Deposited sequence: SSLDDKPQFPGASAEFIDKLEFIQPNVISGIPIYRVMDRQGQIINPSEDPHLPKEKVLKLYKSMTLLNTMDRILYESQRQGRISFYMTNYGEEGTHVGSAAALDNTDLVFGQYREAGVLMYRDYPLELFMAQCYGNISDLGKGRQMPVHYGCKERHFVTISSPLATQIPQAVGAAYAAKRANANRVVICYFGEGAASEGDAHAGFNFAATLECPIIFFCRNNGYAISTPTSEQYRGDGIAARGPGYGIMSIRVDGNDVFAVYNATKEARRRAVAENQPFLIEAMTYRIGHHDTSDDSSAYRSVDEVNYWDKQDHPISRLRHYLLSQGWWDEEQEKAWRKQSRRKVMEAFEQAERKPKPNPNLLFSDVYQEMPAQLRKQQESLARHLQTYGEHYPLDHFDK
């Protein structure tokens, strides 16, 4: 019997390399088919009508907002945008399975989580416009959302940096006996970063109540997954770190909900990490700087979409119809446009705010720089867009 401390294993007396199973990988958990039909009744979460309508209205309201803000970017009204087309089911299915106070780390494609948590349209807008209502004080590029009240840690552009951070927050939660989970979203491209290997391993060895949620939508900007990895996606990586792992149909809000709900229950009870890889397709361009037709969509959009699938389910229950659909489409457009118009008309924050929060206090030498700008604007102010900024 082998005695090595590094592994628990038997001897083998024949040379055999271990081959990865990539052709038939980890299977994809589904609850409803593309026609919104429940496949296996024992798996049906039987969520109540009001909750399921919330999933649906959250997704569609996000989609409405996406359409408008994408257009706003094209007109140069806002500088940048990233859509959620196809990520709506992963967002709202997982958010609905969390406790309200569970802490969320993400990046660019998680706005539906905030939407489900009732983040005001006014605040999504304020961040994209960098106006005086933005609690982020207009400092970050658009869609870099954050909300302390809704436990949604401010997004940052460097990919994967949130992954080991989320693990640290989860360790702290364990110690605090918070009975809280942390969830951490990231794309399949971001999973190639060194920080993903850091977070996965620390979460296992330090026994942290965290859900890793990877959105695998087949592309990282122009890069297909064939160039991103050669294993069986991200889910197959989890077991190598000792992490319980699952793969789900990301266009199925119920499969997403079931897997997240169970991951959350076990992560908190057992103080162990869970990895969920949600299979989707990025229907939109990567962002507003991207024309995705350069490197590759109608299949996914008309044949397999989270919103359409849930809409079919709703119809089967008698919980929605064409009239309700029309009325909601109108009401949601009105609500988004009201927030949009208000956001565009607000001033930007005082230019003084470029100097605060660098440190908690402002160092004397920094204050000196702030004073130098004030003097500068006194003399040369005509040359600056001051009429747009708060004073």
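*Asks:* Can you list the gaps, in order, where the deposited sequence has no modelled residues?
*Replies:* Since the structure holds only modelled residues, the stretches it omits are 1 to 5, 302 to 305.
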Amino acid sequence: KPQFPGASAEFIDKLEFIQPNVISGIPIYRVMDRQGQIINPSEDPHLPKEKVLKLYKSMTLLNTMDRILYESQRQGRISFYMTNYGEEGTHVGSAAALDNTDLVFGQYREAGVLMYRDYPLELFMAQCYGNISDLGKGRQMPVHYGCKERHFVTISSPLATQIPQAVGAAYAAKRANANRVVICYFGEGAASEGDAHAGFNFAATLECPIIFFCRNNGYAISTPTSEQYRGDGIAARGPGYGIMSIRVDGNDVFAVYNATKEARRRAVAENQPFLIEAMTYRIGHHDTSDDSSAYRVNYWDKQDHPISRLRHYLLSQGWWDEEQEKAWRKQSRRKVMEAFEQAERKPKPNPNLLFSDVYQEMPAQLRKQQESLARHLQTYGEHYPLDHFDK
From here on, numbers count along this sequence of modelled residues.
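*Asks:* So 157 to 165 or 301 to 309, which one's hotter by mean CA B-factor in the entry?
*Replies:* According to the entry, 301 to 309 carries the higher average C-alpha B-factor.
*Asks:* With reference to the PDB entry, specify whether the mean Cα temperature factor is higher for 356 to 364 or for 39 to 47.
*Replies:* According to the PDB entry, the answer is 39 to 47.
*Asks:* Per the entry, which of 65, 59, 32, 52 tops the list for Cα B factor?
*Replies:* 32 has the highest C-alpha B-factor of those listed.
*Asks:* Out of 203, 178, 135, 255, whose C-alpha atom has the biggest B factor in the entry?
*Replies:* The record points to 178.
*Asks:* Based on the deposited C-alpha B factors for this chain, I'd like to know if residue 108 is in the lowest, middle or highest third.
*Replies:* Answer is highest: the recorded C-alpha B-factor places it there.
*Asks:* In terms of the chain's CA B-factor thirds, is residue 192 lowest, middle or highest?
*Replies:* Lowest third of the chain for residue 192's C-alpha B-factor.
*Asks:* Which third, lowest, middle or highest, does the CA B-factor of residue 91 fall in along this chain?
*Replies:* CA B-factor rank for residue 91: lowest third.
*Asks:* Among the chain's modelled residues, which third holds the C-alpha B-factor of residue 373?
*Replies:* Within its chain, residue 373 is a middle-third residue by C-alpha B-factor, going by the deposited values.
*Asks:* How does the C-alpha B factor of residue 382 compare with the rest of the chain: lowest, middle or highest third?
*Replies:* As the PDB entry reports it, the C-alpha B-factor of residue 382 lands in the highest third of its chain.
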